[PDB]
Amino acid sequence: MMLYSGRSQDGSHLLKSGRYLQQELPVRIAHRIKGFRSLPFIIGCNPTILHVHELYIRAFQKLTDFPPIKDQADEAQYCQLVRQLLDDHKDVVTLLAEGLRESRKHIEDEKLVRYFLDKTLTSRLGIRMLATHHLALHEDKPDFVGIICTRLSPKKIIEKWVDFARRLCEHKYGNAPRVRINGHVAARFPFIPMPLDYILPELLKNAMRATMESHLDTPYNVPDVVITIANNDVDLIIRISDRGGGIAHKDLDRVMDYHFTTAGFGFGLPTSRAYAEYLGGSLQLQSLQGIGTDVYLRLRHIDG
């Protein structure tokens, strides 16, 4: 999958981009439909799963019904369709979580659901990146070409999600750990924010929850979460280290399972890992039981 960095004045690059998207979306949607068609019958019969299955069929129908893009007029209407579909599918992760929660227990092969979700969610991420990139090409935001930030600061985007997670945490516990950021705090490079926008708040919420729940006696005084940025020519590494007591030995093999939670659907970790690996990186956990957890997010730098 490619994100067109091309720019032009007649607006021809918008046409080429739209034509590529028009070519690409139906194919990738068809792959998701095949995934639904191959789900174990008893899972596929779940009304929420069926609802999502039908959304995808409906998406494929609308996309294939759209005439080949001939001019900017057509391209403009196609963008309307894509916006509609993006919105129609915005709750898909949540619907799948819900539909699978109970139903998947009716199945011996637990590998199956994991594979279906990894494949379905990462293909969806890719689909949404492509579509959103095309739409964003019409925008005149500085330092962006579509959804590509030409000079992303890891520190800045981390801070954005830190403020977000801290507010959620303060609402629930009356306080939140402070976050310190160190390492390559001045790094700036071309990068696509979207996956960080998913992953970072998931990891931050986990770290803050763990910290508060292990400090119930001193909610007014909890250990900082410490984030380290390492930027090299190959990848970006973001280490998130907390003193929230660690992931217990008895839970460790379970925490990367969809649905597993000690508490919201238990999707944060497996989804984040699937996204990271889909993009050529990884997500690794180091548990110091009794002390805390280090989470390492790695993402490959831009292929230009």
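Think of the rigid core as the biggest set of C-alphas that the two forms share within 1.5 Å after superposition. All residue numbers refer to positions in the sequence shown, first residue = 1.
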RMS over structures and residues, CA atoms, rigid core fit in 8 other deposited structures of this protein: 211-219 vs 103-111, larger is 103-111
Rigid core superposition, C-alpha RMS per stretch in 8 other deposited structures of this protein: which comes out larger, 125-133 or 94-102?
94-102
Cross-entry absence of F265, a third or more of other PDB entries
yes
Scan the PDB entry between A263 and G264 and report the missing deposited residues as one of none, 1 to 3, 4 to 9, 10 or more.
10 or more
Comparing 63-71 with 47-55, the one whose average Cα B-factor in the PDB entry is higher:
63-71
Which has the higher mean CA temperature factor in the PDB entry, 5-13 or 292-300?
5-13
Per the deposited B-factor column, the C-alpha that peaks among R128, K119, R188, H89 belongs to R188
From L95, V145, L196, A165, which pick has the Cα B-factor that tops the rest in the entry?
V145
Sorting the chain's modelled residues by C-alpha B-factor, tell me whether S153 ends up in the lowest, middle or highest third.
middle
Sorting by Cα B-factor within the chain, modelled residues only, which third would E202 end up in: lowest, middle or highest?
lowest
Where the record places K250 (Cα B-factor, split into thirds across the chain)
highest
Quick tally, chain-level thirds of C-alpha B-factors: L279 sits in the middle
Cα B factor band for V225 (lowest, middle or highest third within the chain):
lowest
